[PDB]
A.B. asks: 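First the structure, then my questions, so here it is.
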Amino acid sequence: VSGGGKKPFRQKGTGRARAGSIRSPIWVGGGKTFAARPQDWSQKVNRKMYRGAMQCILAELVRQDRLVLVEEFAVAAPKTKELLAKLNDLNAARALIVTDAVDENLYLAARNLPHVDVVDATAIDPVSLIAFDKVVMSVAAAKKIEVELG
Amino acid sequence: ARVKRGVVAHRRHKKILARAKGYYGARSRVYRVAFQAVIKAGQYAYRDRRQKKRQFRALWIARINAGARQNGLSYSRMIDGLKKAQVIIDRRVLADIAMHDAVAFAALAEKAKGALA
RNA sequence: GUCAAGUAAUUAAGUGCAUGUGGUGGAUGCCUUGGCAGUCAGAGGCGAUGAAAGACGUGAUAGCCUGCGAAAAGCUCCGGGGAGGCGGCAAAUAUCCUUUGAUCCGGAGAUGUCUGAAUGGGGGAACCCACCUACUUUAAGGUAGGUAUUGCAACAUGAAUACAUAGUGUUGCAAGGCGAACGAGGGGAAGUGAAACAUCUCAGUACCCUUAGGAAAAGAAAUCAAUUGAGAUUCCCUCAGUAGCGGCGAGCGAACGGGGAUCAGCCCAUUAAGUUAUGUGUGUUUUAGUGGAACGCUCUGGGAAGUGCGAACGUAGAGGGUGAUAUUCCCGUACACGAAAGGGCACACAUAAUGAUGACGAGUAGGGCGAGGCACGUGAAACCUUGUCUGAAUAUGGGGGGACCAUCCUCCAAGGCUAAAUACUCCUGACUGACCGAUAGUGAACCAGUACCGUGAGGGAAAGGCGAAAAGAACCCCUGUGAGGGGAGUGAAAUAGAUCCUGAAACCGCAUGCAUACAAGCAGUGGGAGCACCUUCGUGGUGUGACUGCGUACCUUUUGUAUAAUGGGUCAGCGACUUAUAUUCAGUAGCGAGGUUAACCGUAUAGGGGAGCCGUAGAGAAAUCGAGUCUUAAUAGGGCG
RNA sequence: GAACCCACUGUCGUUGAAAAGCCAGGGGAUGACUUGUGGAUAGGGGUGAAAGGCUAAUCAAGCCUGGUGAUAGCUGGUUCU
RNA sequence: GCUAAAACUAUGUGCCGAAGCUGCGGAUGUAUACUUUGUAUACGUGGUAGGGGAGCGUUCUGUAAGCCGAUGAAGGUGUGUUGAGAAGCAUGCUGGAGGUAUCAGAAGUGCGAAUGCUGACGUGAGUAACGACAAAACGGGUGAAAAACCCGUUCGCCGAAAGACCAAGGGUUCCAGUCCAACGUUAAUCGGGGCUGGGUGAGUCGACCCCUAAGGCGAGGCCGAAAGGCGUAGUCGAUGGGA
RNA sequence: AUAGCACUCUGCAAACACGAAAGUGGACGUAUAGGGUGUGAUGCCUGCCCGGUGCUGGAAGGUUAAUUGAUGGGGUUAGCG
RNA sequence: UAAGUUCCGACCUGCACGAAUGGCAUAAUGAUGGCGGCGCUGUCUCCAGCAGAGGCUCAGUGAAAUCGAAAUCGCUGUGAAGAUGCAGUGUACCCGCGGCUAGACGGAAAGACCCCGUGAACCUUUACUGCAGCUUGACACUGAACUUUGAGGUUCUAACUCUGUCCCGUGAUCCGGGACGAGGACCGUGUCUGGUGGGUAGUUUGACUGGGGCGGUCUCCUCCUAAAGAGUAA
RNA sequence: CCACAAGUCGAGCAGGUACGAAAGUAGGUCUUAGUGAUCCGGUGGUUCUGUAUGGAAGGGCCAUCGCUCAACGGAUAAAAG
RNA sequence: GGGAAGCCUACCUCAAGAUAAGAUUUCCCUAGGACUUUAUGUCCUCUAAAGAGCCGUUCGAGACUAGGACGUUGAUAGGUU
Ligand SMILES: NCCC[C@H](N)CC(=O)NCCC[C@H](N)CC(=O)NCCC[C@H](N)CC(=O)N[C@@H]1[C@H](O)[C@@H](OC(N)=O)[C@@H](CO)O[C@H]1NC1=N[C@@H]2C(=O)NC[C@@H](O)[C@H]2N1
């Protein structure tokens with residue numbers, strides 16, 4: 001805190017409580033007692049623990065019937081209405097789409113839709129697998145995830 | 001995550017001051033004095049819940065003594081006579097009858113002295 | 001009817017409690033043209049062509065702020081844009097300007113007073129006094145240019161003193177000052193710890209001084225290693241709190257090897273890589289900008305974006321605003337375009353200049369004496385630097401391998417240049433936050449480094465909120481043509497009425513109900529009559545509390561406190577076991593005789609990376625052995641396993 | 001013995017008219033005198049007819065800013081059930 | 001207050017008396033058996049320094065483009081009600097735009113004390129004091145109002161200063177008109193207060209200028225790790241000389 | 001503090017003081033001068049002690065530093081066994 | 001003096017005067033210390049009256065320190081041992097104003113006396129340990145020629161000195177260069193080295209203890225205290 | 001026996017001894033005081049280590065020496081008012 | 001029975017807040033309605049006594065108070081004689 005270098009008044013004789021600096025944390029406008037610094041909040045996750053958690057998540061999705069498999073999922077043109085109708089056909093209006101590779105047209109069509117996101121098979125994450133209502137996965141992406149074993 | 005204390009602190013102080021209603025001077029206005037006054041009131045109430053039983057038993061005994069001496073007995077002799085007569089009516093009911101029904105108390109005293117004889 | 005004795009009701013000067021209604025005060029809640037911390041990408045300087053920082057002026061009105069400079073809220077040109085505008089506090093007013101294109105935005109020019117390195121001399125900064133040229137005027141002036149010091153170069157001149165040299169002058173070129181952090185170098189503490197203190201520590205830290213660059217420094221082995229192998233610097237992870245150093249105290253603390261980031265070498269006189277300027281060409285980037293989709297009805301309401309019912313766009317559902325909460329009202333967003341003129345960067349050629357006074361390294365290596373640096377405190381002390389005194393050999397030569405000798409291995413000092421990986425943030429643009437929301441966050445959200453204090457260096461505040469819109473209250477009344485208020489009017493709201501959202505507490509009034517003027521103390525508590533209001537008419541509710549049993553605050557510190565031991569006048573707000581790293585134990589999860597990666601790469605929480613760490617074997621000081629091992633002459637005995 | 005320069009005694013004042021005074025008396029008053037303006041000496045230093053006096057109402061080591069959040073086996077305080 | 005006691009000695013029969021024991025209702029800890037149970041039984045539940053266990057509330061992140069809200073959020077103020085507690089829930093009035101379940105996650109997470117810090121406000125108390133004991137009185141005027149302002153008539157005080165000037169220092173306090181909230185230790189129509197407008201005229205007065213003292217700076221120079229010290233030629237510097 | 005007195009140092013580039021040095025004061029002075037120390041007008045005066053500490057002057061015996069490096073004892077290996 | 005621990009003069013067993021840290025005197029001088037007298041008085045016996053300024057009342061303005069909260073009596077006792085607040089008892093209707101200072105261990109300043117902390121500062125010295133200053137010798141700057149018994153003596157100039165004279169830069173008591181003169185291998189300086197060194201600096205200077213200091217003690221063995229096992233303090 | 005660091009008693013086994021004819025006795029003295037940790041150094045020994053290798057220097061291990069560290073669990077090698 | 005400057009009286013002053021609030025003398029007030037909370041009842045109209053005070057002139061009374069005297073039917077104060 002700015003200033004505060006000198007002793008405000010003498011140690012004895014004034015009848016005041018003894019003070020060493022005007023920026024003492026007891027004083028209004030003084031320093032904070034335990035001043036914070038920038039922190040790193042990352043944790044270590046064991047490789048096997050991460051893989052096992054992802055396997056558990058995928059299995060639980062399967063047995064709760066939130067994973068929907070499709071032979072192919074593509075859009076002819078980058079049209080939000082096209083993607084919306086395609087999803088409304090499968091009854092997956094709120095969904096995370098997983099494909100083996102992300103087509104530019106599909107990504108553009110999905111960008112503006114609320115509750116819809118499209119990711120690569122190698123970019124799935126545990127929070128996004130749980131947050132969305134349904135996960136629509138192509139067979140090629142499912143095979144790639146099988147090879148990776150979650 | 002800075003936390004401001006005002007709402008909760010105000011609620012606690014207000015509850016203490018509400019419990020201190022009716023006290024004299026700073027005891028119903030000033031938080032420190034009022035807080036000292038509420039704790040002491042609780043301490044007194046805890047002690048007096050025990051004192052009350054003794055005080056009321058003493059009152060019953062005094063009234064029974066007056067009735068017995070009206071009927072020609074002392075309290076101790078009347079209690080002994082009732083014990084020997086097997087009557088197990090307690091002092092609360094005995095004092096109630098002594099105050100409100102002289103004929104019934106006279107009958108009870110007669111039973112006691114008959115057992116004494 | 002009189003008298004007597006006994007015994008009810010009736011007072012409030014004032015006070016207590018409860019409730020109602022106010023004042024003061026500015027807490028709380030909600031909010032923010034303010035702060036705090038970062039990421040990515042730039043940039044890393046300004047200055048004698050006069051800087052940073054200032055003084056004084058400049059307006060139709062002109063106090064402060066902002067801009068500007070006697071050409072003075074501006075002048076010229078080029079480009080954009082298309083209906084308002086004459087900067088803000090800060091409304092009104094006038095004169096006005098503008099589709100013959102204003103205000104405004106970008107680029108380039110013109111002007112640019114005085115002080116300040118301040119440089120014609122001086123000086124108490126913003127002032128005083130000058131000289132010399134050229135032109136101009138006739139009076140007592142004007143215009144433009146020049147006049148500092150030091151260093152270097154050329155020219156000229158020139159003593160003691162003969163030649164010279166010193167000295168002197170002119171011209172040309174250059175430098176000085178300021179400013180964040182990082183770099184390099186010259187000097188260099190003490191508080192503290194060691195539970196005292198001197199060796200030691202703190203610590204080459206704080207501080208003082210000199211001086212660069214976008215980075216700097218270092219750098220191409222007279223280096224390590226020890227299967228004869230590696231192969232210049234710099235930075236990160238390990239090795240490892242190991243080997244060692246140490247009043248062998250407190251403490252200090254490597255290297256070898258391995259894994260990564262980045263990779264690069266080139267020369268000593270015919271002279272290299274590289275670097276810096278100027279010009280040309282090409283590419284890219286940057287300084288204004290243009291277009292940019294799609295909503296209606298109904299209900300509540302002061303106001304619709306909110307309810308109910310249907311519809312449309314989406315490569316646009318980022319964000320902001322609009323009278324409450326909007327993809328479709330406005331500004332925008334995705335996307336598609338755009339530049340007279342200027343700047344930055346990258347590559348290629350051209351010319352300069354540098355590298356580059358240096359050609360294999362002598363007052364050098366080594367030594368005696370005293371110090372300093374190495375993790376290493378004189379130690380068994382190698383190696384580096386040198387204040388002092390000395391002093392080689394010079395490729396059949398010389399340095400190192402931690403006293404020293406021999407043998408082996410390895411390098412060639414006394415000459416140089418060199419990018420990247422590394423360090424930082426005064427500043428510019430974009431974006432972000434389990435960062436703050438006016439006692440917080442910068443000292444400063446507000447005309448703050450101000451007011452104020454001090455001779456001075458220096459220290460250093462407080463202070464945000466009417467309303468959607470001023471629609472900021474015409475007019476009437478009391479009053480001193482005051483202050484203040486009551487009506488009226490505006491507004492959804494005026495107890496939103498100007499220090500105006502909300503409006504707490506301490507503290508201070510008025511009104512009503514009950515109690516209180518014969519009675520002694522922490523002020524309550526357990527009982528309990530009466531009265532007033534209400535009432536489900538009661539074995540009920542609210543307020544009060546005659547009379548009565550018991551009862552000496554709280555905290556701290558103590559053997560022990562009502563203590564006449566400490567602390568607190570009261571309220572509101574703030575105020576004290578945290579953060580990083582290492583280690584041990586316990587829970588819990590994964591895997592399991594195995595477990596696990598670090599730096600780093602990675603459009604990146606994934607996936608790679610096995611160097612390293614822990615466990616799996618002990619004994620011994622150690623060499624050594626090993627389910628054994630140490631001690632011993634011992635297979636005895638005994639200790640650790 | 002006036003001005004001027006001092007400060008021996010007493011009352012008052014002591015939240016003062018005043019962070020050192022007023023009043024009544026008192027000493028020196030051509031001298032080692034008093035005084036204006038402008039200068040010099042700077043902190044383990046200065047200056048001192050010497051009291052550890054004075055050095056900006058501060059002196060057995062001035063003031064300011066830094067080391068610095070010095071250390072304190074001591075005192076105090078330490079917040080809901 | 002007590003005397004064949006209400007004293008002392010001995011004996012007897014009753015009674016009073018604690019949060020001890022018993023009775024009735026409720027909570028909680030440990031163990032045995034019921035071979036989940038949440039059930040019965042038995043034994044426990046005063047506590048400082050300490051150790052262990054279990055929770056309530058506050059701010060922020062996700063869940064949350066969800067849920068509540070102008071038919072009224074947060075905050076403020078009452079009332080009722082619920083639990084063993086920290087606390088929860090409902091609602092009247094005020095208020096005028098936000099609030100947030102559940103389950104996880106992170107802390108600027110809880111104040112009465114530290115002669116704690118900042119602001120506001122009490123008690124003392126309408127108490128002390130209103131600053132030289134040179135001194136005032138009356139008539140008239142203006143004004144809302146006159147002991148204090150103006151005019152007049154008296155009285156008193158200073159007169160080597162309590163008068164008149166200059167330098168230093170200050171900076172508009174100078175003059176006129178107008179105003180009285182704040183400032184003036186009272187009121188004020190008055191003012192060194194607010195606002196508006198005026199006012200400082202030099203060859204001879206002073207400064208500037210010429211000259212130098214103490215002292216300062218100092219081309220070259222001497223000295224010093226650096227910063228710097230001293231000093232020559234000079235150049236400044238009045239408190240002095242020059243119409 | 002003082003005039004007066006005494007002791008002692010100082011031959012001038014003085015002793016002494018300031019300073020890191022350059023240099024400056026002493027002093028544009030020269031032993032009838034300058035510094036340090038004690039005493040304190042004036043009158044009468046100022047006794048005894050050199051063992052201690054200090055100062056001044058001798059003596060060259062004993063002890064002692066850097067420097068110097070005579071001797072003795074080890075390490076290493078050509079060679080000899 | 002009626003009465004003299006003070007004063008003056010004298011005496012001398014001077015606890016513990018004494019001759020320039022001066023001895024004994026001494027005119028004048030001193031807001032200097034002690035004693036006595038005249039005059040004078042409210043200093044006093046012993047206070048009275050009067051004058052001014054406050055105090056008191058009215059109008060206006062308007063502080064202070066303190067403060068846990070107060071429905072804030074006496075006495076005797078009790079009790080962290082000196083009570084408004086506890087016990088017993090006595091007295092006492094409610095509230096101001098002018099006075100007063102016996103108590104509220106009254107207010108004021110985290111006691112300065114005393115002790116403690118392995119606190120501080122400054123001062124002293126024959127405390128410890130450094131350093132400045134001063135001084136000694138060796139080596140370097142540092143040379144030459146003649147003598148004597150490693151050292152000594154005489155002479156010289158060319159290193160070096162001059163806060164001596166003259167000349168020039170130059171309008172100059174600095175400085176530099178030149179010429180003289182006087183010195184001269186001395187003096188002086190650098191490195192190393194012995195001595196001196198409260199001038200200056202950093203520090204140390206124990207504990208127990210019927211307060212601390214002074215005294216005593218501090219480790220080991222035997223007996224008693226020691227209460228018939230062990231252990232057990234001053 | 002005991003906080004630790006320390007201290008005390010000890011049958012018995014092996015080797016080498018002394019005295020006894022022998023069974024046997026002897027690991028100092030009737031016993032309980034006669035003492036000092038760690039660090040740093042000196043001496044003797046050593047089938048340990050030895051910074052490229054062979055040595056060596058130095059270090060380790062075994063035995064032993066240097067304390068009124070007596071404030072006797074000993075804060076420094078070195079300290080009064 | 002006697003018996004002290006001592007105790008209770010006796011002497012002086014105060015004294016019924018002596019809440020047990022005492023005593024005596026003298027003086028003053030003798031009206032109507034409505035209603036229900038049917039009683040020292042609550043509201044209207046009428047009535048305002050004996051006295052006390054405010055105010056004024058004042059005091060041998062006094063800080064302010066309180067107390068004493070007087071207020072035209074008058075000597076309370078000033079003036080006048
Ligand atoms: N039934 C009863 C009837 C009784 C009878 N009728 C009697 C009666 O009725 N008497 C009335 C008396 C009332 C009172 N005495 C009068 C009074 O007070 N006049 C005040 C007159 C001057 C006033 N001071 C000026 C003023 O307001 N400056 C502010 C100020 O610079 C600043 O504000 C704050 N905060 O810093 C600024 C910031 O915005 O804003 C300004 N202002 C702005 N306004 C603007 C706005 O709205 N939008 C746009 C922008 O222009 C805004 N800025």
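Here is how names work: the chains are called A, B, and so on, in the same order as the sequence lines, proteins then strands, and each is numbered from 1. As a basis for the values below, the full set of heavy atoms in this structure was taken, side chains included, without hydrogen atoms, waters or symmetry mates.
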A.B. asks: Relative to B:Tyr46, does B:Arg50 satisfy both conditions: NZ or CZ under 6.0 angstrom from the six-membered ring centre, and within 45 degrees of the ring's axis?
C.D. replies: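 Positive - B:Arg50 is close enough to the ring of B:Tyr46 and near enough to its axis.
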
A.B. asks: Tell me whether the side-chain N/O atoms of B:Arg29 come closer than 4.0 Å to OP1 or OP2 in C:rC17.
C.D. replies: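 So the side chain of B:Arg29 is within the cut-off, an N or O lying under 4.0 Å from OP1 or OP2 of C:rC17.
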
A.B. asks: What string of B, S and - do you get for nucleotides 22-27 of chain E, 5' to 3', when a contact is any protein heavy atom under 4.0 Å?
C.D. replies: ------

A.B. asks: At less than 4.0 Å, is any side-chain N or O atom of A:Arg47 found next to OP1 or OP2 of C:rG595? Yes or no.
C.D. replies: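 A:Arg47 to C:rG595 OP1/OP2: no side-chain N or O under 4.0 Å.
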
A.B. asks: Could you give the NZ-to-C1' distance, from B:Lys4 to E:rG110, as a whole number of Å?
C.D. replies: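 Atom-to-atom, B:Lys4 to E:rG110, this comes out as 16 Å.
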
A.B. asks: Between C:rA562 and C:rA546, how far apart are the two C1' atoms, rounded to whole Å?
C.D. replies: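 So the two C1' atoms sit 31 Å from each other.
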
A.B. asks: If you compare every side-chain N and O of A:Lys48 against the phosphate oxygens of C:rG595 (OP1, OP2), does one of them come in below 4.0 Å?
C.D. replies: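 It does, given that an N or O in the side chain of A:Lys48 lies less than 4.0 Å from OP1 or OP2 of C:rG595.
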
A.B. asks: Verify the distance criterion only: is there a donor paired with an acceptor across the side chains of B:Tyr75 and B:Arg91 at less than 3.5 Å?
C.D. replies: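 Yes, because at least one side-chain N or O of B:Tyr75 sits under 3.5 Å from a partner of the opposite role on B:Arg91.
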
A.B. asks: If I read the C1'-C2'-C3'-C4' torsion for H:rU38, does it come out on the north side (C3'-endo) or the south side (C2'-endo)?
C.D. replies: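 It's north.
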
A.B. asks: Could you check whether C:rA217 pairs with C:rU325 (Watson-Crick or G-U wobble, each of the two distances under 3.5 Å)?
C.D. replies: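 Paired, no.
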
A.B. asks: Looking at A:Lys79, does any N or O in its side chain come under 4.0 Å of the phosphate oxygens OP1/OP2 on C:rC313?
C.D. replies: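 No, because none of the side-chain N or O atoms of A:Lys79 sits under 4.0 Å from OP1 or OP2 of C:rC313.
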
A.B. asks: Please tabulate the protein-to-nucleotide N/O contacts below 3.5 Å involving nucleotides 441-448 of chain C, giving atom names and distances.
C.D. replies:
unit_1: C:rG443; atom_1: OP1; unit_2: A:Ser2; atom_2: N; d: 3.2

A.B. asks: Verify the contact: side-chain N or O of B:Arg47 to OP1 or OP2 of C:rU525, cut-off strictly under 4.0 Å; return yes or no.
C.D. replies: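 So the side chain of B:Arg47 is outside the cut-off, no N or O lying under 4.0 Å from OP1 or OP2 of C:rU525.
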
A.B. asks: So, does A:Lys12 get its side chain near the phosphate of G:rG111, meaning an N or O under 4.0 Å from OP1 or OP2?
C.D. replies: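 Checking G:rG111 against A:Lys12, a side-chain N or O does come within under 4.0 Å of OP1 or OP2.
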
A.B. asks: Just call it for B:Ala9: base, sugar-phosphate, or nothing, with non-hydrogen atoms closer than 4.0 Å on any strand.
C.D. replies: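 It contacts sugar-phosphate atoms only.
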
A.B. asks: Using OP1 and OP2 only, check whether a side-chain N or O of B:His13 sits under 4.0 Å from E:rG112.
C.D. replies: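 Affirmative; the distance criterion is met.
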
A.B. asks: What pucker, north or south, follows for G:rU189 from the sign of the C1'-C2'-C3'-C4' torsion?
C.D. replies: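 The G:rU189 sugar sits on the north side, the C3'-endo region.
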
A.B. asks: Show the distances under 3.5 angstrom between N or O atoms of the protein and N or O atoms of nucleotides 63-66 of chain E.
C.D. replies:
unit_1: E:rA65; atom_1: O2'; unit_2: A:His115; atom_2: NE2; d: 3.1

A.B. asks: Give A:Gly150 one of three labels, base, sugar-phosphate or nothing, depending on what nucleic acid heavy atoms sit under 4.0 Å from its own.
C.D. replies: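 No contact.
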
A.B. asks: Write down the distance separating the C1' atoms in C:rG528 and C:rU544, rounded off to the nearest Å.
C.D. replies: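 To the nearest whole Å, 14 Å.
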
A.B. asks: For A:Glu148, answer base if it contacts any base atom (sugar-phosphate contacts may also be present), sugar-phosphate if it contacts only those atoms, and nothing otherwise; contact means non-hydrogen atoms under 4.0 Å.
C.D. replies: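 It contacts sugar-phosphate atoms only.
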
A.B. asks: Once you apply the 3.5 Å cut-off to both distances, tell me the Watson-Crick or G-U wobble partner of E:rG116, or none.
C.D. replies: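 Looking at the geometry, E:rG116 pairs with C:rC574.
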
A.B. asks: How would you label the contact of B:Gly22 with the nucleic acid (heavy atoms, under 4.0 Å): base, sugar-phosphate, or nothing?
C.D. replies: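 Result for B:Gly22 = sugar-phosphate.
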
A.B. asks: Please measure how far the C1' atom in C:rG320 lies from the corresponding atom in C:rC466, and state the result in whole Å.
C.D. replies: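 It comes out at 25 Å once rounded to the nearest Å.
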
A.B. asks: Examine G:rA108 and G:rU124 and say if both key distances are under 3.5 Å for a Watson-Crick or a G-U wobble pair.
C.D. replies: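 Verdict: no pairing.
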
A.B. asks: How many Å lie between CZ on B:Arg49 and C1' on C:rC550, as a whole number?
C.D. replies: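 Going from CZ in B:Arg49 over to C1' in C:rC550 covers 15 Å.
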
A.B. asks: Considering every strand and a 4.0 Å limit on heavy-atom distances, what is the contact class for A:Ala123: base, sugar-phosphate, or nothing?
C.D. replies: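 Here A:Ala123 touches no strand at all.
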
A.B. asks: Do any side-chain nitrogens or oxygens of B:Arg54 fall under 4.0 Å of OP1 or OP2 in E:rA19?
C.D. replies: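 For E:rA19, OP1 or OP2 has a side-chain N or O of B:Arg54 closer than 4.0 Å.
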
A.B. asks: Sign of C1'-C2'-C3'-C4' at E:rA73: does that make it north or south?
C.D. replies: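 Judging by the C1'-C2'-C3'-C4' torsion, which comes out positive, the sugar of E:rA73 sits north.
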
A.B. asks: Are E:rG66 and E:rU100 a base pair, Watson-Crick or G-U wobble, with both contacts under 3.5 Å?
C.D. replies: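 E:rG66 and E:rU100 meet the Watson-Crick or G-U wobble geometry.
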
A.B. asks: Is the shortest side-chain N/O distance from B:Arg2 to OP1 or OP2 of E:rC60 below 4.0 Å?
C.D. replies: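 So the side-chain polar atoms of B:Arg2 never come under 4.0 Å of the phosphate oxygens OP1 or OP2 of E:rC60.
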
A.B. asks: If only side-chain N and O atoms of A:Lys6 are considered, is one of them under 4.0 Å from the OP1 or OP2 phosphate oxygen of C:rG458?
C.D. replies: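 Result: no.
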
